[PDB]
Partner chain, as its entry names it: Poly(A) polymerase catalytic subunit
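Okay, so here's just one chain, in C-alpha cells, the form solved without the partner chain.
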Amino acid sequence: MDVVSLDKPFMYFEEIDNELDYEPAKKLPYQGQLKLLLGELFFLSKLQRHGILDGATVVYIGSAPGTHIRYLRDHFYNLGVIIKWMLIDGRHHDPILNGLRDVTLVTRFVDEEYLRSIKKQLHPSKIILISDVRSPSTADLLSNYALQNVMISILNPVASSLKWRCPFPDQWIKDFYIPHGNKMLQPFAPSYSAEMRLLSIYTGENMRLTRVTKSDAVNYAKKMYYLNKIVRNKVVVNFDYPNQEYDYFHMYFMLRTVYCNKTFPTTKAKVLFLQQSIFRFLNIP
C-alpha cells in the first residue's frame, strides 16, 4: 500500500515540488460534478470571505448540464447570501435548476457581441464570472482561452474562475496570455488530468495578463504527471478520516474553508458533514 504522512496537500500548481517525464480515468460515479462542485464551492467561499459575493450576479458560461450548480445555489441561498445566477450554455441544463427566481438559464452559445448586450443588460450589477466552456486540439484550447479573456474585458467582473489546462509542448502552436490568478488544483479530477482552475479577483480598472510559452508547457506536463502518478496515489496514514486516499485529504482542505449555518465541534465534523451532504446530493455511495 502506498502509505505516507503529509502536513497538507498541494492546493495550487506552484506548490508541486517535483516532476516526472510524462508517460503516454475515474473511480467514482458523477466524479465530474464532484470535481466541479468542490472547486467552485472553494472559489465562491473565498469571495464571500472578501465580502464580494453578496449582491453580485454570477455569470456561469458553459454551465450545462450543471447538476452540481443546484447544490452551490442552495448552499449560498440557505446561508442568506443574495446572488443572482445567470447560466448560459447552448446545451440544456438539468431540470433541477428550473423554477428558481434567482437563477436565469440562457440557451445561447456566447459570442463577443452577446457579451456586450448582457453587459448592457446586467448593468449596473457587479459580475462574478465562472467559465467552463469546452469546444481537444491546441487550436481548440487557444480559442477557448481567447474567448475567456474577452469575457473578462467585456463583462469586466470583480472576480473570475476559468478552466485552465496548458496545451501539450509537443503540440505547441504559439505563446499566449492568460489572466493572472491562482492555479487551483482539483481533487477528483481524472487520473491523469492536467487541468486546474484559474481564480482571479480584479482590483482597480487594471487587467494583468501573463504569457505562457512552450517551456512552461513542459513544466506543466512534468509537474502534473508526478502529481497524478505519485502523489494522488498516496494513502495519508496520518489523516484520521474514514477515507485516507490523497483526494479525500485534498478535499478536506477545500471543504474546511466553507461556511455553514450549523456549528460543529471540530473542522473534521464539518467536513464529514459537507462531504456526506455532497455525496448524498450527487448520489455517490
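Positions refer to the first chain, counted from 1.
In this entry, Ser135 and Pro136 are separated by 4 to 9 residues of the deposited sequence that lack coordinates. The entry shows a gap from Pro24 to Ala25, with 4 to 9 unmodelled residues of the deposited sequence in between. Stretches 151-159 and 204-212 differ in mean CA B factor, with 204-212 having the higher one. Here the stretch with the larger average CA B-factor, out of 181-189 and 87-95, is 181-189. Comparing C-alpha B-factors across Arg101, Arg197, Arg73, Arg116 in the deposited entry, the largest value falls on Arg116. In the deposited coordinates, the residue among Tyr30, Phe43, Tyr248, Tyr225 with the greatest CA B-factor is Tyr30. For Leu129, the recorded CA B-factor ranks within the lowest third of the chain. Only modelled residues enter the ranking. Sorting the modelled residues of the chain by their CA temperature factor places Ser143 in the middle third. The entry lists a Cα temperature factor for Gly39 that places it in the lowest third of the chain's modelled residues. When the modelled residues of the chain are ordered by their C-alpha B factor, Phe109 lands in the middle third.
In this PDB entry, the Cα temperature factor of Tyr77 sits in the bottom third of its chain's modelled residues, the lowest group.
Another form exists, solved in complex with the partner chain; not displayed. Remarks below refer to it.
Think of it this way: in the deposited bound form, the partner chain has a heavy atom of just one of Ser117, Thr107, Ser125, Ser191 within 4.5 Å, and the residue is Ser125.
Within this chain, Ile82 lines the site of the partner chain in the deposited bound form, having a heavy atom no more than 4.5 Å away.
Contact annotation: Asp54 falls within 4.5 Å of the partner chain in the deposited bound form, judged by heavy atom distances. For the chain shown alone, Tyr145 is not a contact residue for the partner chain in the deposited bound form, no non-hydrogen atom being within 4.5 angstroms.
Not displayed here, the partner chain is approached by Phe42 to within 4.5 Å at the level of heavy atoms in the deposited bound form. At a distance of at most 4.5 angstroms from the partner chain in the deposited bound form, none of the three residues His93, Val133 and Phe281 contributes a non-hydrogen atom. With the partner left out here, the partner chain still marks one of 226-234, 26-34, 42-50, 59-67 in the deposited bound form; by a 4.5 Å heavy atom cut-off that stretch is 42-50. Taking a 4.5 Å heavy atom cutoff to the partner chain in the deposited bound form, the contacting residues in 9-23 are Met11, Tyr12, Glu15.
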